[PDB]
Amino acid sequence: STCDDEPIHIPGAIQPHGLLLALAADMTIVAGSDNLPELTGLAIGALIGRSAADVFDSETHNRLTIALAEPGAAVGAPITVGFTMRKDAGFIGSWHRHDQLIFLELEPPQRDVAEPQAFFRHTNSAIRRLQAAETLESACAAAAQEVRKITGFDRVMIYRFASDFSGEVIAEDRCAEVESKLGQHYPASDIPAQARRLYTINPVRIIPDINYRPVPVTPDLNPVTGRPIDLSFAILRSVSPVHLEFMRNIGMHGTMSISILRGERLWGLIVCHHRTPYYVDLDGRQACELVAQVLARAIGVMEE
Ligand SMILES: *C/C=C1/C(=C/c2[nH]c(/C=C3[NH+]=C(/C=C4\NC(=O)C(C=C)=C4C)C(C)=C\3CCC(=O)O)c(CCC(=O)O)c2C)NC(=O)[C@H]1C
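About the thresholds
Residues numbered from 1 in each chain as written, not as in the entry; some residues may be left out. Heavy atoms only, no water. Buried < 20%, exposed > 50% of the residue type's maximum accessible area, 1.4 Å probe, protein only. Helix = DSSP H or I, 4+ residues; strand = E, 2+ residues; numbered from the N terminus. Pairing = 2+ DSSP bridges. Expected span 1.5 Å × (residues − 1). Contact = heavy atoms within 4.5 Å. Polar contact = N/O pair within 3.5 Å; in protein donor to acceptor, adjacent residues only side chain to side chain. UniProt positions renumbered as here; feature names shortened; annotations may be inferred. 1 Å grid on protein atoms, 1.4 Å probe; cavity = no way out; pocket = protein on both sides within 12 Å on 5 of 7 lines; lining within 4 Å.

S.K.: Help me understand the pairing of strand β8 (residues 155-161) in this model?
M.R.: For a regular strand, the rule is simple: side chains alternate between the two faces of the sheet. Among the 7 residues of β8, 6 are classified as buried, and the element is accordingly described as predominantly covered. Where β8 meets strand β10 (residues 173-174), 2 bridges bridge the pair, whose relative direction is antiparallel. Considered in β10, the bridge of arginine 155 is made with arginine 174. Pairing between β8 and strand β9 (residues 167-169): 3 bridges, direction antiparallel. Its bridge partner lying in β9, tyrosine 159 is registered against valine 169.

In structure tokens, the structure reads:
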């Protein structure tokens, strides 16, 4: 376990392309990313231990209050965000009720959004083409082709693993400019235990610049538990510089990867790489999110 030891879940930093705010269970600001001042225009060391009401507009707190005290408490779905300071901003992104804190992840207004009809088109065709569920090999390739058709990543591919957690690429499509790993296998050390354990419970992962400077999370002391701040579900979660190397190697300054859950069990991953630094509309992500959700289902009617 030269590999499986790293605490990648508690690195106490996020990627700069958005920010984070962590509230205690009585709705008071507890910790944030240190770039908070840069964009919302509010100084961290001030915020620490004051009210979430100082940052959000009155609805976003209220939509917040209802969502959380909703029964079936869990890492929340995406929310619409407006700040009292810089309302204009209209940042939009998720929240996450883990660690006995309420994490808010906020993203910059994804300008130049997916054309509607084209969107519905690709979403709908895929769910037909995948549900049309030809073989396993197409079901998958399909997902990759379609996924590439939605996002427009330079190369995309379905990765499955054996019971010894070594995987094979079992599908592909590429911009005719980069090799097909369609025949390669890889060793379980490559995506190791703790990262397999993490993908099972949070099925989206996105890195836009592999060449980034991590935005510390301050404090990174969980006030309720007194352990570092645990960034499992955070899609802004700073990433193990080892792996980053391995993406520099294979020549890709952006990634994203989606789990393929098969009854609590991680069957395989959609895996995307893009030469230069590349982002995804929540649209873009939730689409793919969908692809793998159906695929996983168009695997649970191929398993009978
Ligand atoms: C022994 C340590 C190693 C290691 C650790 C490591 N790697 C990751 C993350 C990923 N590695 C991936 C592998 C691939 N990328 C590809 O291009 C291909 C295909 C040829 C594979 C199989 C991938 C996709 C990931 C996940 C990244 C993503 O979500 O897009 C981690 C986890 C890092 C984190 O979650 O913060 C770790 C600890 N890297 C190695 O290559 C070996 C030597």
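S.K.: In this structure, what is going on with helix α5 (residues 136-151)? I would like to understand it.
M.R.: An α-helix turns once per 3.6 residues; consequently, residues spaced three or four apart project the same way. For α5, built from 16 residues, the straight-helix expectation of 22 Å at 1.5 Å per residue is met to within 8% by its first-to-last C-alpha distance of 22 Å. Those residues of α5 lying buried are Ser138, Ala139, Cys140, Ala141, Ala142, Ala143, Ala144, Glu146, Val147, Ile150 and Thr151. Where α5 is buried, its residues meet α4 (116-131), β8, β10, β14 (255-261), β15 (266-273) and α8 (282-297). For α5, the capping residue at the N-terminal end is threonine 135, with a side-chain oxygen 3.3 Å from the backbone nitrogen of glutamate 137. Positive phi appears at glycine 152, one or two residues downstream of α5, with a value of about 70 degrees.

S.K.: Would you take a moment to explain the UniProt feature "domain: Phytochrome chromophore attachment site" (unreviewed entry) in the protein for this structure?
M.R.: Look at the UniProt record and you will see "domain: Phytochrome chromophore attachment site" (unreviewed entry) annotated at residues 135-293. Note that residues 135-293 is 28% helix and 23% strand, and that its end C-alpha atoms are spaced 17 Å apart.

S.K.: Explain the UniProt feature "binding site: (2R,3E)-phycocyanobilin" (unreviewed entry) in the protein here, please?
M.R.: What UniProt calls "binding site: (2R,3E)-phycocyanobilin" (unreviewed entry) maps, in this numbering, to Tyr199, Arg205, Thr255, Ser257 and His273. Checking the named residues against the largest pocket, the ones that line it are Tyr199, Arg205, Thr255, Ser257 and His273. Mapped onto the secondary structure, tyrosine 199 falls in helix α6 (residues 193-199). Sequence-distant contacts of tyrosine 199, that is, excluding residues within four places in its chain, are made with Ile191, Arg205, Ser259, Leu261, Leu266 and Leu269. Setting aside chain neighbours within four positions, we find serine 257 in contact with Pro203, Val204, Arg205, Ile270 and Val271.

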